[PDB]
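Asker: I have a structure I would like to understand better, so I am pasting it below and will then ask my questions one at a time.
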Amino acid sequence: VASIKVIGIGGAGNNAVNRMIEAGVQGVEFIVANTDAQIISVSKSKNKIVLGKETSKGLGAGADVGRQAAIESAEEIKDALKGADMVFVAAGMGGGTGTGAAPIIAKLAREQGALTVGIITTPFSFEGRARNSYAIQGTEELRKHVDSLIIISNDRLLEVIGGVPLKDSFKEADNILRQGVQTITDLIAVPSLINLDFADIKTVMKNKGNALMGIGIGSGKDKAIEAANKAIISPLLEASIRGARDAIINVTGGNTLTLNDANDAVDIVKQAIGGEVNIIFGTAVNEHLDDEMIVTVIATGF
Amino acid sequence: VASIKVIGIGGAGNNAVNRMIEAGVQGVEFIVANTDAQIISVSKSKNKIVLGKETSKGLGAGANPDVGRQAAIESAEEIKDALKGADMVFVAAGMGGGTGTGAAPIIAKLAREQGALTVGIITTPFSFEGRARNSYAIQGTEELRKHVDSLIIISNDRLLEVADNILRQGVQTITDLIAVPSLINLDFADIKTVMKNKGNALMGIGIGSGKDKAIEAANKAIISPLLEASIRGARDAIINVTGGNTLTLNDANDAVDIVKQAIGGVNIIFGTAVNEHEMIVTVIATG
Ligand SMILES: Nc1nc2c(ncn2[C@@H]2O[C@H](COP(=O)(O)OP(=O)(O)O)[C@@H](O)[C@H]2O)c(=O)[nH]1
Ligand SMILES: Nc1nc2c(ncn2[C@@H]2O[C@H](COP(=O)(O)OP(=O)(O)O)[C@@H](O)[C@H]2O)c(=O)[nH]1
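Those protein sequence lines, which keep their order, are chains B and A.
Read left to right, the first sequence gives residues 10 to 72, 75 to 313 (PDB author numbering).
Read left to right, the second sequence gives residues 10 to 171, 184 to 286, 288 to 299, 303 to 312 (PDB author numbering).
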């Protein structure tokens with residue numbers, strides 16, 4: 010029976026430890042260490058460490076504060092890792108705490124006699140250059156003080172979770188944003204059979220707060236029923252559109268879309284919202300849709 | 010005719026305006042603002058604002074929304090000039106960084122004070138971008154909500170649909198092989214020889230279901246983007262074949278055989295673990 014300890018440092022490490030405690034990882038003692046006394050307080054770990062409670066005074070670490080707060084806490088760290096055969100040092104590189112504290116904790120863990128494995132992420136490219144270069148410095152220092160260093164790139168992780176190359180990892184998000192704008196602006200500014208007046212958009216959207224958006228696409232004989240219901244319970248909705256006081260409905264279709272289809276989609280959304288909702292709606296033509304229609308609802312008033 | 014303007018702020022807002030232009034959104038003037046002049050220089054929009062030109066100097070803001078906020082206050086007059094005359098302004102941004110999070114509420118306020126109907130449309134970050142960025146996004150959402158007429162929020166987490186913690190998987194991949202008994206186990210001294218004084222390691226993951234689950238999972242594992250196309254440059258590797266109660270010795274060895282078949286001698291040690299139904306192969310490569 011080997012003694013295995015995981016010490017999670019900073020935000021990413023604290024996250025990892027909580028997730029291991031919840032998944033019920035067996036036969037491992039967990040430790041959390043963070044300069045931010047707040048994050049520590051609410052942790053699910055039996056073994057808690059506030060780093061450098063002297064200098065930082067527990068008031069976070071920002072983005075040298077990490078290294079110094081680990082040094083100042085060496086005794087609490089040595090005492091929590093004491094007697095381990097293997098120590099995992101878990102951190103996210105790039106931040107204020109994890110970057111500077113991990114190499115110190117690894118050094119202590121290894122000098123005590125533990126087989127010391129660092130496991131770390133490096134930042135997404137969109138986190139910026141300074142953050143990615145701080146991450147590289149911290150990696151090279153951590154490497155000096157571990158037996159082996161498992162390095163997970165958050166860029167490559169995004170490819171795994173999203174299933175697409177990094178270049179395309181936010182295309183779907185970019186596209187929803189495009190749809191959200193276009194849903195409204197086509198009805199105002201692109202002439203079609205049914206446009207909406209700007210004053211009536213204003214009535215739905217002025218001084219409202221949170222506007223819910225659901226998009227749904229459907230095809231075949233029952234496309235209106237499929238499209239409208241998919242928009243009404245879209246995973247993209249913050250909350251239910253039920254009860255909204257005003258809503259905009261954009262019905263988009265190809266050249267074969269019928270008046271009856273558009274009318275059914277509007278009727279479905281009106282019944283789904285219910286009550287005396289004030290509904291306005293318009294249509295848009297998209298000739299690259301083949302026997303499909305898209306229904307978008309923007310609901311306000313809660 | 011209504012005058013309609015979209016201003017995209019920060020990296021996400023800038024790529025969103027690019028998508029809107031590519032898709033041929035009509036009737037709308039497009040504007041991009043960023044503290045990072047590099048992203049702006051490759052914008053398809055013909056109206057470009059570098060926020061905080063005098064202080065951040067187009068070099069970017071970093072992680073802190075206060076810098077994005079201060080940059081937008083500095084550029085206030087140039088923002089008003091770009092937006093002047095609009096009846097409706099969309100403010101597009103991704104919450105979580107230093108520029109969108111902090112600049113978007115200021116730009117919203119300027120647009121609304123000019124008289125435009127002002128609509129925010131924003132994304133919130135993935136949960137696995139960590140707590141600093143998700144806390145920032147919460148705060149920036151609330152500040153933007155104060156200054157827009159209407160706020161549409163698109164969650165990246167939920168867009169994922171339409184067991185996530187990579188550090189837990191790396192640790193568990195090794196520990197269950199020695200701390201949890203299963204079909205095949207390893208001794209601490211086996212791990213110690215593969216991992217003592219061995220330097221950089223990388224991790225692979227692969228999933229597979231149904232008939233020939235092994236051939237599928239095992240094959241995905243070794244091509245994993247986490248491995249960065251370098252598994253065969255590893256001298257040693259540990260393999261964790263994890264499955265449901267229906268896991269047999271034949272599956273584990275068919276799995277490990279696939280990997281070994283693309284391995285030299288790559289010294290390979292391996293074991294199993296069990297979960298809720303259906304085959305996951307995790308590779309940790311060292312040396
Ligand atoms: N739609 C979209 N969202 C992105 C993109 N890149 C990153 N994001 C998301 O948007 C958030 C802000 O990133 P970004 O706009 O680049 O930050 P900033 O420029 O420093 O303010 C990130 O936390 C990601 O969730 C992108 O290209 N498109
Ligand atoms: N994959 C993953 N990466 C994270 C997570 N949290 C943070 N990170 C990454 O780790 C870096 C450091 O963040 P964090 O640990 O919260 O900063 P610190 O506590 O101030 O050191 C971030 O810039 C992210 O790139 C997480 O839950 N999952």
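From the three backbone atoms N, C-alpha and C, an ideal C-beta is built for every residue, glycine too.
Alpha carbon to alpha carbon, how far is residue 227 of chain A from residue 239 of chain A?
Answerer: Going by the C-alpha atoms only, they are around 6 angstroms apart.
Asker: Contact check, residue 247 of chain A vs residue 154 of chain B under 8 angstroms by CB: the rounded distance?
Answerer: Incorrect: roughly 18 angstroms between the Cβ atoms, too far for contact.
Asker: Quick one: does the C-beta of residue 167 of chain A sit closer than 7 angstroms to a heavy atom of ligand 4?
Answerer: For ligand 4, the structure offers nothing, since it holds only ligand 1 and ligand 2.
Asker: Would you kindly report the start and end of the unbroken alpha helix (DSSP H) that includes residue 236 of chain B?
Answerer: That run of the alpha helix (DSSP H) goes 234-243.
Asker: Going along chain B, which residues have a C-beta under 8 angstroms from residue 62 of chain A?
Answerer: Within chain B, no residue comes near residue 62 of chain A; the closest Cβ sits about 18 angstroms away, beyond 8 angstroms.
Asker: Between the segment 151-163 of chain A and chain B, which residues of the former have a C-beta closer than 9 angstroms to a C-beta of the latter?
Answerer: Correct list: 154, 157, 158, 159, 160, 161, 162, 163.
Asker: When DSSP labels each residue in this structure, what does residue 55 of chain A get in the three-state scheme?
Answerer: Here residue 55 of chain A sits in coil by DSSP.
Asker: Taking residue 131 of chain A as the reference, give the member of B/191, B/68, B/175 with the closest Cα.
Answerer: When only C-alpha atoms are compared, the closest one is B/191.
Asker: So residue 59 of chain B packs on residue 46 of chain B, CB below 8 angstroms; how close in whole Å?
Answerer: The pair is a contact, with the Cβ atoms about 5 angstroms apart (cut-off 8 angstroms).
Asker: By DSSP, does residue 271 of chain A sit in helix, in strand, or in coil?
Answerer: Three-state DSSP puts residue 271 of chain A in a helix.
Asker: What alpha helix (DSSP H) runs, 4 residues minimum, are completely inside the segment 109-192 of chain B?
Answerer: Qualifying alpha helix (DSSP H) stretches, in chain order: 140-154, 165-173.
Asker: Starting from residue 230 of chain B, follow its DSSP beta bridges and name the residues at the other end.
Answerer: Answer is B/303, bridged to residue 230 of chain B.
Asker: On a CA-only basis, which of B/134, B/38, B/149 is nearest residue 98 of chain B? Give me that one, please.
Answerer: Checking every option, the nearest Cα to that of residue 98 of chain B belongs to B/38.
Asker: Give me the Cα-Cα distance between residue 12 of chain A and residue 95 of chain A, rounded to the nearest whole angstrom.
Answerer: Rounded to the nearest angstrom, the two C-alpha atoms are 5 angstroms apart.
Asker: Mind listing the chain A neighbours of residue 224 of chain B? Cutoff is C-beta to C-beta under 9 angstroms, in chain order.
Answerer: Per Cβ cutoff of 9 angstroms: 130, 161, 162, 163.
Asker: Do we get a CB-CB distance below 8 angstroms when we pair residue 114 of chain B with the residues of chain A?
Answerer: It does not: the Cβ of residue 114 of chain B has no partner Cβ on chain A nearer than 8 angstroms.
Asker: Show which residues of chain A have a CB atom less than 7 angstroms away from the CB atom of residue 184 of chain B.
Answerer: Ordered by position in chain A, the residues that pass the 7 angstroms Cβ test against residue 184 of chain B are 132, 163, 165, 168.
Asker: Would you grab the beta carbon distance between residue 262 of chain A and residue 276 of chain A for me? Rounded to a whole angstrom, and I think it's under 8 angstroms.
Answerer: At roughly 5 angstroms, the Cβ-Cβ gap stays under 8 angstroms, so residue 262 of chain A and residue 276 of chain A are in contact.
Asker: Give a single yes or no on whether residue 150 of chain B has its beta carbon closer than 7 angstroms to a heavy atom of ligand 2.
Answerer: Outside the cutoff, so no.
Asker: Quick check on the DSSP output: the alpha helix (DSSP H) that includes residue 31 of chain A runs from which residue to which?
Answerer: It spans 19-31 - the alpha helix (DSSP H) in which residue 31 of chain A sits, taken as one unbroken run.
Asker: Mind listing the chain A neighbours of residue 96 of chain B? Cutoff is C-beta to C-beta under 9 angstroms, in chain order.
Answerer: Those are 209, 213, listed as they occur along chain A.
Asker: First and last residue of the alpha helix (DSSP H) that includes residue 215 of chain A?
Answerer: That run of the alpha helix (DSSP H) goes 209-216.
Asker: Does any residue of chain A have a CB that is nearer than 8 angstroms to the CB of residue 138 of chain B?
Answerer: Answer yes: the Cβ-Cβ gap between residue 138 of chain B and chain A drops below 8 angstroms somewhere.
Asker: Roughly how many angstroms separate the alpha carbons of residue 29 of chain B and residue 88 of chain B, rounded to a whole number?
Answerer: Using only the alpha carbons, I get a separation of about 20 angstroms.
Asker: Measuring only the C-alpha atoms, how far is residue 76 of chain A from residue 268 of chain A?
Answerer: Approximately 54 angstroms between the Cα atoms of the pair.
Asker: With 8 angstroms set as the bound, which would you pick, yes or no: does the beta-carbon of residue 15 of chain B sit closer than that to a beta-carbon of chain A?
Answerer: Residue 15 of chain B counts as touching chain A.
Asker: Could you please go through the chain and list the residues whose beta-carbon is closer than 5 angstroms to any non-hydrogen atom of ligand 1?
Answerer: Per the Cβ criterion, the list is B/137, B/181, B/184, B/185, A/19, A/20, A/21, A/24, A/103, A/105, A/106, A/107, A/108, A/109, A/134.
Asker: Let me confirm a value: residue 72 of chain A is counted as buried when at least 16 other C-beta atoms fall within 10 Å, else exposed. Which label applies?
Answerer: The residue is buried, with at least 16 neighbouring Cβ atoms inside 10 Å.
Asker: Residue 194 of chain B by DSSP, collapsed to three states: which one?
Answerer: Residue 194 of chain B falls in the helix class under three-state DSSP.
Asker: Let me check understanding here. Comparing Cα to Cα, which of B/175, B/112, B/222 lies closest to residue 148 of chain B?
Answerer: Closest by alpha carbon: B/112.
Asker: Have a look at B/284, B/116, B/14 and flag the residue whose alpha-carbon is nearest the alpha-carbon of residue 78 of chain B.
Answerer: Checking every option, the nearest Cα to that of residue 78 of chain B belongs to B/116.
Asker: Can you give me the C-alpha to C-alpha distance between residue 34 of chain B and residue 109 of chain B, rounded to a whole angstrom?
Answerer: Distance between the alpha carbons of residue 34 of chain B and residue 109 of chain B: 23 angstroms.
Asker: For the candidate residues B/203, B/229, B/50, whose alpha-carbon lies nearest to that of residue 300 of chain B?
Answerer: Residue 300 of chain B has its Cα closest to that of B/229, out of B/203, B/229, B/50.
Asker: Rounded to whole angstroms, what's the CA-CA distance from residue 214 of chain B to residue 241 of chain B? Just pull it up for me.
Answerer: Straight-line Cα distance between these residues: approximately 26 angstroms.
Asker: Does the contact criterion of 3 or more C-beta pairs under 8 angstroms hold for the segment 47-67 of chain B versus the segment 136-152 of chain B?
Answerer: The segment 47-67 of chain B is not in contact with the segment 136-152 of chain B.
Asker: Distance, Cα to Cα, residue 175 of chain B vs residue 122 of chain B?
Answerer: Approximately 42 angstroms between the Cα atoms of the pair.
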